[PDB]
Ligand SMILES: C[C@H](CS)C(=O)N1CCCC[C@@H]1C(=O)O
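Here's a solo chain for you in structure tokens, the form solved without this ligand.
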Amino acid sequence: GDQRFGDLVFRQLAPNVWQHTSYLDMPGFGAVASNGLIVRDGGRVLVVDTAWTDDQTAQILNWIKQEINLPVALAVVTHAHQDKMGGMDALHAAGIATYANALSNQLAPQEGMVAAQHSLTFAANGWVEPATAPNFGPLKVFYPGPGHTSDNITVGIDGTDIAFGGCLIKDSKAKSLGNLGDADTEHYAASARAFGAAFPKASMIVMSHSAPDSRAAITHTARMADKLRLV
């Protein structure tokens, strides 16, 4: 089901959801994949996560114009690292409203990222404060606690079986938790568990650095994180 468009790959996940994949192209690194989502919400399109670069993000927008041909109403980015927020300038040049956790926007200058235009804030139970996420349609945004980074957020797609863990969740056969440089090793397992409990009916778990998996991705990630905490 994958389809290559320029240097990107797109895979349809549901009648109105696609995963976008872009690859890092930097002179001393391998071709590291990062996945985000495209959601068609009736007469508009919603994007979760940029690509690694502005030019890759413009190619996502070009695929949307060709294959869907509806305006992109907003994008949500899941934490302040290059794979999720590296293409913010391309979204703003296209007139697309951008949203991120306040804490992602605070961290963005230190991380080399351009901040989103709007800041999301969260209740004590992890759910997004609705007034900060107006007109998000089927996107249900949840902050599960610190894990892969202090700011990482997750997104369920109402009307589908899909929930997106971003860089917090790894697939059920992952050998490690990946990029831990910014990670909260004490709370990571409970944050992975909180993601699972926030979207308890989701059967397709989408994540940044693995292909879509079953809910076993969630329990495997929480186990890896508990091992690491115990070491």
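Numbers follow the displayed sequence, beginning with 1. In this text, the rigid core denotes the largest set of C-alpha atoms whose superposition between the two forms falls within 1.5 Å. Only residues modelled in both forms are compared.
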{"item": "212 to 220 versus 21 to 29 - greater average Cα B-factor per the deposited record", "value": "21 to 29"}
{"item": "Segment of higher mean CA temperature factor, 107 to 115 or 72 to 80", "value": "107 to 115"}
{"item": "Selection from 168, 180, 163, 189 [criterion: highest C-alpha temperature factor in the record]", "value": "180"}
{"item": "Entry-reported Cα temperature factor of residue 62, expressed as the chain third it lands in", "value": "lowest"}
{"item": "Chain-relative CA temperature factor third for residue 100", "value": "lowest"}
{"item": "For residue 204, the third of its chain into which the C-alpha B factor falls", "value": "highest"}
{"item": "Entry-reported Cα temperature factor of residue 35, expressed as the chain third it lands in", "value": "lowest"}
{"item": "Residue 126 by Cα B-factor - lowest, middle or highest third of the modelled chain", "value": "lowest"}
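Keep in mind that the form deposited with this ligand bound is not shown, yet the notes after this line are about it.
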{"property": "Result of superposing this ligand in the deposited complex onto shown chain, 2.4 Å backbone or C-beta criterion", "result": "blocked"}
{"property": "Exercise: residue 38 in contact with this ligand in the deposited complex, heavy atom 4.5 Å", "result": "no"}
{"property": "Contact of residue 167 with this ligand in the deposited complex (heavy atom, 4.5 Å)", "result": "yes"}
{"property": "Contact label in the deposited complex: residue 199 to this ligand, heavy atom within 4.5 Å", "result": "no"}
{"property": "Close approach of residue 179 to this ligand in the deposited complex, 4.5 Å, heavy atom", "result": "yes"}
{"property": "Which of 95 to 103, 154 to 162, 127 to 135, 78 to 86 lines the interface with this ligand in the deposited complex (heavy atom within 4.5 Å)", "result": "78 to 86"}
{"property": "Residues within 4.5 Å of this ligand in the deposited complex, restricted to 25 to 54 and counted by heavy atom", "result": "26, 29, 32, 52"}
{"property": "Once both forms are overlaid on the core, stretches between this form and the one not shown of 3 or more residues with C-alpha shifts of 2 Å or more", "result": "25 to 29"}
